[PDB]
Structure formats: structure tokens, C-alpha cells
Amino acid sequence: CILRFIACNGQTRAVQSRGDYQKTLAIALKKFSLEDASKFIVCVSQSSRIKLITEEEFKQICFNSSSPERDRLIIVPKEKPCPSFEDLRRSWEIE
């Protein structure tokens, strides 16, 4: 189906997903923040801060809170992350 990915503090885009988060994470980021993203990882809102997101598990691990379909995700570089203000603002509610 369609998935949403947001990366960096203010870099937001929405792309279809269904073949693991790797393509979504790697290609999403390539056009979105940088390029050659598979290094990268995705993170989603949990309690106080952002939770780490892996491969296919990433939707279920972060979204575990029980949400409809997959969307509110954030792209972050593997070498060294930093994003978080994304799932935080304009996402805290129920997007």
C-alpha cells in the first residue's frame, strides 16, 4: 500500500511501500535527504523520544502503538543520525 516517510528535521515526502522498509528507506532517502540510503535507518514516535526502526519489522515495531496502515516514518543516516523533530511535530497527533 502507500507509506509515508519523513526525513531530517524538515524534509517530508510520501511514497508507496510494500517491499520491506529497505527500498522505502534507501530510495526514499536517496531523492529525499541524501543518496545511497540503505545505510540509513528509519525511526518513529514512541514515548519521550524517537524509536529505532529496522527492516520489515520497522512498521510493527514503532507503530506497535496500534495505528492504521503505515505512514509516520522518518529517514535517518546510519553513519550518524539526528532527525526526530519530524515524528515529533506535525505527527504527534494521529496522522
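Method of determination for the deposited model, per the PDB record: solution NMR.

Student: Would you mind showing me how to read the sheet that holds strand β1 (residues 2-7) here?
Tutor: Backbone-to-backbone hydrogen bonds pair the strands of a sheet. The strands run either parallel or antiparallel. Taken in spatial order, the five strands line up as β2-β1-β5-β3-β4 in an open sheet, and their pairing is mixed. A single partner strand is all that each edge strand has here, and the edge strands are β2 (11-16) and β4 (50-53). Direction aside, the axes of adjacent strands within the sheet are offset by 35° on average. Relative to strand β5 (residues 73-76), strand β3 (residues 41-45) runs antiparallel, the two being bridged by three bridges. Looking at β5, one finds that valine 42 is bridged to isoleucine 75. Across the sheet, helix α1 (residues 20-32) is in contact with β1, β2, β3, β4 and β5; its angle to β2 comes to roughly 135°.

What counts, and at which threshold
- Residues numbered from 1 in each chain as written, not as in the entry; some residues may be left out.
- Heavy atoms only, no water.
- Pairing = 2+ DSSP bridges.
- Helix = DSSP H or I, 4+ residues; strand = E, 2+ residues; numbered from the N terminus.
- Axes fitted to C-alpha atoms, helices over the stretch in contact; angles between N-to-C directions.
- Contact = heavy atoms within 4.5 Å.

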